[PDB]
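Descriptive structure summary
What follows is the residue order along each chain.
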Amino acid sequence: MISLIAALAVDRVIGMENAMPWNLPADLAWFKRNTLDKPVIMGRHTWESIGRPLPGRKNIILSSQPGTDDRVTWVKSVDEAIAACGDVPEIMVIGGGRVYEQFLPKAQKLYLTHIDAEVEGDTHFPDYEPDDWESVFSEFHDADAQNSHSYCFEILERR
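Calculation notes
- Each chain carries its own residue count, beginning from 1 and running in the order its sequence is written; this scheme need not agree with the entry numbering, and residues with no coordinates do not appear.
- The side-chain values count all of the structure's non-hydrogen atoms but skip hydrogen atoms and water molecules.
- UniProt positions are given in the numbering used here, feature names are shortened, and annotations may be inferred rather than shown by experiment.
- Helix and strand labels come from DSSP, where a helix needs a run of H or I of at least four residues and a strand needs a run of E of at least two; each type is numbered from the N terminus.
- The buried label applies to any residue whose accessible area, calculated with a 1.4 Å probe on protein chains only, is under 20% of its type's maximum; exposed applies above 50%, and partly exposed to all values in between.
- Two strands qualify as a pair provided DSSP detects at least 2 bridges between them.
- Fitting a line to C-alpha atoms yields each axis, with helices limited to the stretch in contact; the angle taken between N-to-C directions then spans 0 to 180 degrees.
- It only takes one pair of heavy atoms within 4.5 Å for two residues to be counted as in contact.
- Summarising the geometry, the arc corresponds to the directions from the helix axis toward the C-beta atoms.

Structure determination for the deposited model, as stated in its record, used X-ray crystallography, and the stated resolution is 1.55 Å.

Pasting the structure below:
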């Protein structure tokens, strides 16, 4: 099964040109926990933004162009991305906006971090209908000395 993991602000914004104006170490912990030892699929832009492979995870990057880093696997289409993951229990799609849009229809679970921040962004998580999913886990957190804004973690399963 395919799952998407994403952190969204209001209006579903997930990215912009510059660094996001928030500091959320709790979300990073959540992201690690949920993707450890599982293959991760990401678009070229996301790859560039992270800059190194995620340790202890098979890294699959989608790009129409030839790959520039032999430490990861480069694929040219959605179908090849899936096939490069092999027979695994769960494939995690980590972004960006173009990638989420193509995998949403094939995903069975979403791992979302909702951040209470209003930011200007040019990339959004795709629109989804809450009715089609079942919220199986949800947990709100207030901002603190290490987290700049409040946020909520939610896990949804497709009905």
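Continuing now.
**So, the UniProt feature "binding site: substrate" in the protein chain**
Under the local residue numbering, the UniProt record ascribes the feature "binding site: substrate" to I5, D27, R52, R57 and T113. Over a stretch of 109 residues, the named residues are scattered through the fold, their C-alpha atoms separated by up to 23.0 Å. Inspection of the secondary structure puts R57 in the loop between α2 (44–50) and β4 (59–62). Looking at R57, the relative accessible area reads 13%, which means it is buried.

**Details of the sheet that holds strand β9 (residues 133–141)**
What the eight strands build is an open sheet, ordered β5-β4-β3-β6-β1-β7-β10-β9; its pairing is mixed. Edge strands, defined here as strands with exactly one partner in the open sheet, are β5 (73–75) and β9. Across the sheet, the mean angle separating the axes of adjacent strands is 20° when strand polarity is ignored. Inspection of the sheet shows strand β3 (residues 40–43) paired to β4 by four bridges, in the parallel sense. For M42, the partnering residue across the bridge sits in β4 and is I61. The strands touched by helix α1 (residues 25–35) are β1 (2–8), β3, β6 (91–93), β7 (109–115), β9 and β10 (151–158); relative to β10, the strand with the most contacts, the crossing angle is about 30°.

**Focus: unusual backbone geometry**
Omega for the bond connecting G95 with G96 falls within 30 degrees of zero, at 0°, which places this linkage in the cis form. Residue placement: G96 occurs in the loop between β6 and α4 (97–103). Phi is positive for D11, close to 65°, though the residue is something other than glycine. One can find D11 in the loop between β1 and β2 (13–15). On the basis of relative accessible area, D11 is assigned to the exposed category, the value being 59%.

**With respect to helix α3 (residues 78–85)**
Considered for burial, the residues of α3 that qualify are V78, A81 and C85. Projected onto a plane normal to the axis of α3, the buried residues spread over an arc of 60° and lie on a single side. Pointing more than 90 degrees away from the buried face of α3 are the exposed residues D79 and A83.

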